[PDB]
There are 100 protein chains.
Amino acid sequence: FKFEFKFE
Amino acid sequence: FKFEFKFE
Amino acid sequence: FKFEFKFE
Amino acid sequence: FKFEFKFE
Amino acid sequence: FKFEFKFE
Amino acid sequence: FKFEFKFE
Amino acid sequence: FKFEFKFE
Amino acid sequence: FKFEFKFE
Amino acid sequence: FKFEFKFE
Amino acid sequence: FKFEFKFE
Amino acid sequence: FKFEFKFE
Amino acid sequence: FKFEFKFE
Amino acid sequence: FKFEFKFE
Amino acid sequence: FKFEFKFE
Amino acid sequence: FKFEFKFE
Amino acid sequence: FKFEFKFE
Amino acid sequence: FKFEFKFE
Amino acid sequence: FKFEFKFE
Amino acid sequence: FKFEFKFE
Amino acid sequence: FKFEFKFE
Amino acid sequence: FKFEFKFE
Amino acid sequence: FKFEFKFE
Amino acid sequence: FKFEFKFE
Amino acid sequence: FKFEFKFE
Amino acid sequence: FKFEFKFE
Amino acid sequence: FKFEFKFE
Amino acid sequence: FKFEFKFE
Amino acid sequence: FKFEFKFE
Amino acid sequence: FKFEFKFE
Amino acid sequence: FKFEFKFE
Amino acid sequence: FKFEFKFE
Amino acid sequence: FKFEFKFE
Amino acid sequence: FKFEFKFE
Amino acid sequence: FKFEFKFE
Amino acid sequence: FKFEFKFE
Amino acid sequence: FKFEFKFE
Amino acid sequence: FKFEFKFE
Amino acid sequence: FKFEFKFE
Amino acid sequence: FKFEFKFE
Amino acid sequence: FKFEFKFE
Amino acid sequence: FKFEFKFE
Amino acid sequence: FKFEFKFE
Amino acid sequence: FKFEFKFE
Amino acid sequence: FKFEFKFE
Amino acid sequence: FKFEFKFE
Amino acid sequence: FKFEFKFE
Amino acid sequence: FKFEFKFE
Amino acid sequence: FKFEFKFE
Amino acid sequence: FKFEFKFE
Amino acid sequence: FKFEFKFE
Amino acid sequence: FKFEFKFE
Amino acid sequence: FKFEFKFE
Amino acid sequence: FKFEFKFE
Amino acid sequence: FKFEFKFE
Amino acid sequence: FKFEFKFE
Amino acid sequence: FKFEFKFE
Amino acid sequence: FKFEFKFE
Amino acid sequence: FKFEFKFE
Amino acid sequence: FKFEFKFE
Amino acid sequence: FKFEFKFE
Amino acid sequence: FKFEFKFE
Amino acid sequence: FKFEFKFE
Amino acid sequence: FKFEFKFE
Amino acid sequence: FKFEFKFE
Amino acid sequence: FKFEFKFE
Amino acid sequence: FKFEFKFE
Amino acid sequence: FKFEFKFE
Amino acid sequence: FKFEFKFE
Amino acid sequence: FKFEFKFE
Amino acid sequence: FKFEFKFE
Amino acid sequence: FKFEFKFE
Amino acid sequence: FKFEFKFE
Amino acid sequence: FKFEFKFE
Amino acid sequence: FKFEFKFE
Amino acid sequence: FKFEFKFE
Amino acid sequence: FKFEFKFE
Amino acid sequence: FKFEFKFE
Amino acid sequence: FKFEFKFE
Amino acid sequence: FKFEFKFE
Amino acid sequence: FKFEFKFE
Amino acid sequence: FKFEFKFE
Amino acid sequence: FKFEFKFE
Amino acid sequence: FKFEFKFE
Amino acid sequence: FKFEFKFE
Amino acid sequence: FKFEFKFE
Amino acid sequence: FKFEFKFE
Amino acid sequence: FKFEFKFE
Amino acid sequence: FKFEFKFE
Amino acid sequence: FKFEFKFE
Amino acid sequence: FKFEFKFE
Amino acid sequence: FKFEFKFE
Amino acid sequence: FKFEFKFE
Amino acid sequence: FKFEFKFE
Amino acid sequence: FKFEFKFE
Amino acid sequence: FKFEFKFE
Amino acid sequence: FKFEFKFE
Amino acid sequence: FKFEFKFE
Amino acid sequence: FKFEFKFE
Amino acid sequence: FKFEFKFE
Amino acid sequence: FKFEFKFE
């Protein structure tokens, strides 16, 4: 698994 | 705003 | 996978 | 902000 | 199992 | 912050 | 059983 | 901090 | 039963 | 600190 | 974003 | 975006 | 966009 | 766009 | 566009 | 455009 | 993000 | 993030 | 993160 | 993290 | 107009 | 017009 | 016109 | 005109 | 307009 | 407008 | 507007 | 506006 | 605005 | 604004 | 009319 | 008429 | 008429 | 007429 | 009318 | 006529 | 009218 | 006539 | 009117 | 006539 | 009839 | 009939 | 008949 | 008949 | 007949 | 007959 | 016959 | 016959 | 015969 | 015979 | 695999 | 694979 | 692959 | 596998 | 396997 | 296996 | 197996 | 098996 | 088996 | 079996 | 029993 | 309007 | 408006 | 009993 | 507005 | 008893 | 605003 | 008794 | 603001 | 008795 | 045991 | 009104 | 035991 | 009003 | 024992 | 009205 | 056990 | 009316 | 077990 | 009416 | 009453 | 946009 | 955005 | 009363 | 962001 | 009254 | 982040 | 009054 | 972290 | 008044 | 240990 | 009635 | 441990 | 009735 | 652990 | 009835 | 872990 | 009946 | 993980 | 019956 994120 | 995602 | 976004 | 996750 | 995380 | 977990 | 943890 | 547990 | 622990 | 327990 | 303004 | 204004 | 105005 | 106005 | 006006 | 007026 | 402002 | 401001 | 500011 | 500031 | 009469 | 009469 | 009569 | 009579 | 009359 | 009358 | 009248 | 009148 | 009147 | 008036 | 009987 | 009987 | 009987 | 019997 | 009877 | 019997 | 009777 | 029997 | 009677 | 039997 | 037996 | 036995 | 046995 | 056994 | 066994 | 066993 | 086993 | 096993 | 196994 | 397996 | 992300 | 993203 | 994006 | 992330 | 992460 | 992590 | 971790 | 860890 | 660990 | 450990 | 009504 | 009723 | 009522 | 009402 | 009422 | 009201 | 009231 | 009010 | 009141 | 108030 | 009732 | 009762 | 009542 | 009662 | 009451 | 009952 | 009833 | 019952 | 009923 | 039943 | 609105 | 309204 | 409102 | 709003 | 408000 | 807000 | 506020 | 805040 | 505040 | 804070 | 009871 | 018990 | 019960 | 039990 | 039960 | 069980 | 059951 | 189970 | 079952 | 399973 891998996740990535960036908000704002 | 702005957003990004990534899986895998 | 890839995602991209821009609101407003 | 920003976020990440990883499982496995 | 494994977990990983990074907030902020 | 940052976090980790492991089970098993 | 086993557990593991790291906060901060 | 940090934590660990074990049962069994 | 068995328990184990480590804080800090 | 650190802790242990055992029952039985 | 969420905003509430209860007056009373 | 969400906005509520309860007056009472 | 959502807007509600409950009066009462 | 959504708008509701509950009066009561 | 959507508009509702509940009176009561 | 949509408009509703519930009276009661 | 969440924001509430109860006045009363 | 969460923010509340009760005035009263 | 959570933040509350009760004034009163 | 939690933070409260009661003034009064 | 609406009229309720709940007896009991 | 609407009229309810609930007895019980 | 509407008339309800619920007995019970 | 409408008339209901619910007994029970 | 709305009118309740709850007796009991 | 709303009017309650609870007797009891 | 809202008006309660609780007698008892 | 809201108005309570509790008698008892 | 809110107004209570508790008599008793 | 809020106003209580408790008589008794 | 409503009648209530709890024995216990 | 409504009659209630709880034995317990 | 409605009759109720809970034994327990 | 309605009759109810809960045993338990 | 409402009548209440708790025996216990 | 309606008769009800729950055993449990 | 409401009547209350606790025996115990 | 309607008869009901739930065993459970 | 409300009447209360505790015997005990 | 209607008869009902749920076993469970 | 009701019976309780708290041992402790 | 009801019976409870809390041991502790 | 009802029976409970809370051990603890 | 009903029986419960909460162990804990 | 009903039986429950909550262990915990 | 019904049987439940909640372990936890 | 019915049997449930919720483990958790 | 019915059997359920919810693990969780 | 019926069997369900919800894992989660 | 029926069998279901909901994983989640 | 299922993934949900409610922001708010 | 399923993916949902509710923003709000 | 399925993707939904409810904004509001 | 299921994963949810409510931010707020 | 199920995993939830409520931040707030 | 279930895992929750409420931060706040 | 169930595991929860509320941080705060 | 159930395990909770509230930190705070 | 149940286990809780409140730290604070 | 139940076990709690409040540290603080 | 007996009943009457009149509107208008 | 007018009404009339007799039961029993 | 006008009303009339007789019970019993 | 007996009742009356008048509005307007 | 106007009102009228008689009970009993 | 008897009652009256007037608004406006 | 204006008000009027008579009881009894 | 009798009552009056006036606002504004 | 203004107010008025008469009781009795 | 009688009462008055004035704010502002 | 035994019971009786009579109304009217 | 009239009443009658006997237990035992 | 035995009981009686009379109202009116 | 009138009342009557007898116990025993 | 025995009781009586009278109001009015 | 009339009633009759016997248990056991 | 055993039961009886009689109405009327 | 008449009734009869026997369990067991 | 065994059961019987008789109405009428 | 008449009834008969046997389980097991 | 009377009402007005304007958007834009 | 524009609006206009009159009731009563 | 812009808004306008009048009531009463 | 009267109201206004403006966003943006 | 920006906001504007007027009441009354 | 009057209000204003600004974020960002 | 930034904020701004005016009341009254 | 007036208020301000700033985070970050 | 950082903070800022002004009241009044 | 005025306030400030800083962590970290 | 041991226990006994007898009533009646 | 009769009771019997033994622990340990 | 061990347990027994007997009724009747 | 008869009961039997053994733990451990 | 281990368990047993017996009824009847 | 008969029961048997073993855990672990 | 492991489990067993037996009925009858 | 007979049951068998193994987890893990 | 792994699982087994057996009935009969 | 016989069952077999393996996950992961």
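The record lists cryo-EM as the method behind this PDB entry and 3.5 Å as its resolution.

Visitor: Could you give me a rundown of the interface of chain B and chain A, with the residues and numbers involved?
Guide: It is common to report an interface's size as the accessible area lost on association of the parts. Taken together, the contact between chain B and chain A spans eight residues of the former and eight residues of the latter. Looking at side-chain class alone, the side of chain B that touches chain A contains four nonpolar, no polar and four charged residues. In this sheet, strand β1 (residues 2–7) of chain B lies alongside strand β1 (residues 3–6) of chain A in antiparallel orientation, the contact comprising four bridges. Bridging from a neighbouring strand, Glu4 of chain A pairs with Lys6 of chain B of β1 of chain B.

Visitor: Describe the interface of chain CM and chain CN, and please don't skip the residues or the numbers.
Guide: With seven residues of chain CM in contact, the opposing surface of chain CN contributes seven residues. Looking at the side of chain CM that touches chain CN, its residues break down into four nonpolar, no polar and three charged.

Visitor: Can you tell me about the sheet that holds strand β2 (residues 6–7) of chain AC, naming the residues and giving the values?
Guide: A sheet is described by the order of its strands in space; here ten strands give the open sequence β1(X)-β2(W)-β2(V)-β2(U)-β2(Y)-β2(Z)-β2(AA)-β2(AB)-β2(AC)-β2(AD), paired in parallel fashion. The outermost strands of the open sheet, each flanked by one partner alone, are β1 (6–7) of chain X together with β2 (6–7) of chain AD. As paired strands, strand β2 (residues 6–7) of chain V and strand β2 (residues 6–7) of chain W are joined by two bridges and run parallel to one another. Considered in β2 of chain W, the bridge of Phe7 of chain V is made with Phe7 of chain W.

Visitor: Before we move on, can you summarise the packing of aromatic side chains with the specific residues and values?
Guide: Summarising the aromatic geometry, the rings of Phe5 of chain V and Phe3 of chain BK are spaced 5.8 Å apart at their centres and angled 40 degrees between planes, so their arrangement reads as tilted. In this pair, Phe5 of chain V sits in the loop between β1 (2–3) and β2 while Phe3 of chain BK sits in the segment before β1 (5–6), so the two residues belong to two different chains. Note on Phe7 of chain BM and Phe1 of chain BN: the rings are 5.5 Å apart at their centroids and 25 degrees apart in plane angle, and the pair reads as stacked. Of this pair, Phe7 of chain BM sits in the segment after β1 (5–6) while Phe1 of chain BN is found in the segment before β1 (2–7), placing the two residues in two different chains.

Visitor: Which residues make up the pairing of strand β1 (residues 2–7) of chain O, and what values go with them?
Guide: Looking at chain direction, strand β1 (residues 2–4) of chain N and β1 of chain O are connected through three bridges and run parallel. Among the inter-strand pairings, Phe3 of chain N is bridged to a residue of β1 of chain O, identified as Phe3 of chain O.

Visitor: Could you give an account of the sheet that holds strand β1 (residues 2–5) of chain BU, with specific residues and numbers?
Guide: Overall, antiparallel pairing links the ten strands, which are arranged β1(BW)-β1(BV)-β1(BU)-β1(BT)-β1(BS)-β1(BX)-β1(BY)-β1(BZ)-β1(CA)-β1(CB) in an open sheet. A strand with exactly one partner marks an edge of an open sheet, and here the two such strands are β1 (2–3) of chain BW together with β1 (5–6) of chain CB.

Visitor: How would you explain unusual backbone geometry if you had to name every residue and give the values?
Guide: One non-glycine residue, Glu8 of chain BK, lies in positive phi territory at about 30 degrees. With respect to the element layout, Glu8 of chain BK can be found in the segment after β1.

Definitions and limits used
- Residues numbered from 1 in each chain as written, not as in the entry; some residues may be left out.
- Chains lettered and ligands numbered in written order.
- Heavy atoms only, no water.
- Residues with missing side-chain atoms left out of burial classes, pairs and counts.
- Contact = heavy atoms within 4.5 Å.
- Nonpolar A, V, L, I, M, F, W, Y, C, P; charged D, E, K, R; others polar.
- Pairing = 2+ DSSP bridges.
- Helix = DSSP H or I, 4+ residues; strand = E, 2+ residues; numbered from the N terminus.
- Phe/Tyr/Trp six-rings, centres within 6.5 Å; stacked < 30°, edge-to-face > 60°.

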